[PDB]
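FYI the Cβ positions are ideal-geometry reconstructions off the backbone, even for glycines, and counts take in every protein chain you see. Taken together, the values in this text are just the output of simple stated rules run on the coordinates, not laboratory data.
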Amino acid sequence: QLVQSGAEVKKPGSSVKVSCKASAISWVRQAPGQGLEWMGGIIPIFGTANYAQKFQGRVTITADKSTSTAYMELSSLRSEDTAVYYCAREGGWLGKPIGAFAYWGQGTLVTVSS
Amino acid sequence: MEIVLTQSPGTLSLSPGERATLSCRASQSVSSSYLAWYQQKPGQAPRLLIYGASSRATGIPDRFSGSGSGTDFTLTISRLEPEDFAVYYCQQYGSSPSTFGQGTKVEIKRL
C-alpha cells in the first residue's frame with residue numbers, strides 16, 4: 001500500500017517535495033508527451049538513493065526508515081517537469097529475479113505554471 | 001548507457017473485438033528477457049500486465065499476452081474489450097537504470 005502526498009502547483013525554478021507512505025521504492029513520472037521515466041529509487045540492502053543521469057543534480061531521493069516514508073525533491077522546476085509523479089515498488093527474496101513494478105502509489109500531479 | 005525503448009505505433013486505432021499488437025524495440029539486447037508491460041487509464045496508476053517478456057501477472061485476463069527477446073518485443077490483445085482502450089508502456093529492468101517506452105495509445109477507431 002503506497003499513499004502519496006497531494007497535488008502541487010509550482011513556479012518555474014522552484015523546488016517540490018513529494019512523499020510516499022508505505023503501509024525501497026522508485027520514483028517514476030508520467031510527463032505529457034514523454035511517456036514514463038524512471039527518476040531514481042532507494043536500493044535494496046543499502047537503502048540509499050540511486051539516480052537517473054537525466055535528473056542527477058536536481059533530484060534528491062530520501063527515505064525515513066522509521067516511518068516507512070520515501071521522499072522525492074525536484075529542484076529548478078521547468079515547464080517540462082509538469083507530470084504525475086509516482087512511487088512504485090517491485091517486490092528476503094529468494095525467488096527468481098524480478099524488477100517489474102507490481103505496486104504503485106496513486107500519483108502526485110505537479111504542475112509548473114508561469 | 002541507458003537502454004532506450006521505442007514503442008510502435010504511437011497510436012493504434014481499432015474497433016472493439018479486433019486484435020491489437022503493440023511493439024517495443026530496444027536499442028540494446030534486454031538481458032534475460034527482463035521486459036514488462038503496463039496498462040494505464042486516465043486518472044489511474046500504471047497496472048502491471050506482463051513481466052519477463054511473456055509471463056502474465058496474476059489476475060490479468062487470458063486475452064493479454066507478451067512475446068519477444070533480444071531487442072524486439074510485443075504485447076498482443078487477442079480481442080479488444082471496451083475497457084482495453086488505454087495507453088500501454090513497456091519497461092526494461094535488465095540493466096540499470098530501468099527505462100520505459102513512450103507509450104502506445106490504443107483508441108477507438110472512427111466510425
Pairs where the first residue, in the stretch A:54-74, is surrounded by 12 or more Cβ atoms within 10 Å (Cβ to Cβ) and the second is part of a loop (DSSP other than H, G, I, E, B), C-beta under 7 Å, 6+ apart:
A:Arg58/A:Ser75; A:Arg58/A:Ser76; A:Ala63/A:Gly47; A:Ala70/A:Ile25; A:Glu73/A:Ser15; A:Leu74/A:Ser15; A:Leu74/A:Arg58
If we scan the stretch B:28-45, do we find a residue that is away from chain A (no Cβ under 14 Å) and either over 30 Å from A:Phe55 (Cβ atoms) or part of a loop (DSSP other than H, G, I, E, B) (or both)?
yes
Which one is nearest to the chain's Cα centre (by Cα), of the residues in the stretch B:90-107 that are outside any strand (DSSP E or B) and not small (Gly, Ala, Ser)?
B:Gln102
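Rundown of residues vs (1) surrounded by fewer than 16 Cβ atoms within 10 Å (Cβ to Cβ); (2) among the hydroxyl-bearing types (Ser, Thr, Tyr), yes/no style:
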{"site": "B:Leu22", "(1), (2)": "no, no"}
{"site": "B:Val30", "(1), (2)": "no, no"}
{"site": "B:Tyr34", "(1), (2)": "no, yes"}
{"site": "B:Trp37", "(1), (2)": "no, no"}
{"site": "B:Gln40", "(1), (2)": "no, no"}
{"site": "B:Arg56", "(1), (2)": "no, no"}
{"site": "B:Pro61", "(1), (2)": "yes, no"}
I'd like to verify a number: residues in the stretch B:56-89 that are more than 19 Å from B:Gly43 (Cα to Cα), within 14 Å of chain A (Cβ to nearest Cβ) and not in a loop (DSSP other than H, G, I, E, B), how many?
4
Number of positions in the stretch B:55-103 that are of a type in the set (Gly, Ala, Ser) and within 22 Å of A:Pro32 (Cα to Cα):
4
Can you tell me which of (1) within 15 Å of B:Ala36 (Cβ to Cβ); (2) of a type in the set (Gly, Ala, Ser); (3) in contact with a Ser or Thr (Cβ under 8 Å, 6 or more places away or on another chain) is the one B:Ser78 doesn't meet?
(1)
Only one of A:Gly92, A:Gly33 is within 28 Å of B:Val30 (Cα to Cα) and within 13 Å of chain B (Cβ to nearest Cβ); which?
A:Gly33
Picking from A:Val84, A:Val110, the residue that is under 13 Å from the mean Cα position of the chain (by Cα), under 18 Å from A:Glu8 (Cα atoms) and either among the polar types (S, T, N, Q) or at the interface with chain B (Cβ under 9 Å from one of its Cβ atoms) (or both) would be A:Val84
Would you tally the residues in the stretch A:100-114 being within 17 Å of A:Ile42 (Cα to Cα) and surrounded by fewer than 19 Cβ atoms within 10 Å (Cβ to Cβ)?
2
Identity of the residue in the stretch B:90-111, of a type in the set (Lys, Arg) and away from every other protein chain (no Cβ under 14 Å), that ends up surrounded by the fewest Cβ atoms within 10 Å (Cβ to Cβ)
B:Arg110
Does B:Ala53 fit the bill of being within 14 Å of another protein chain (Cβ to nearest Cβ), assigned to a loop (DSSP other than H, G, I, E, B), in contact with a strand residue (DSSP E or B) (Cβ under 7 Å, 6 or more places away or on another chain) and more than 18 Å from B:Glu83 (Cβ to Cβ)?
yes
Report the residue count in the stretch B:1-17 for those that are among the acidic types (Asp, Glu) and surrounded by fewer than 12 Cβ atoms within 10 Å (Cβ to Cβ).
0
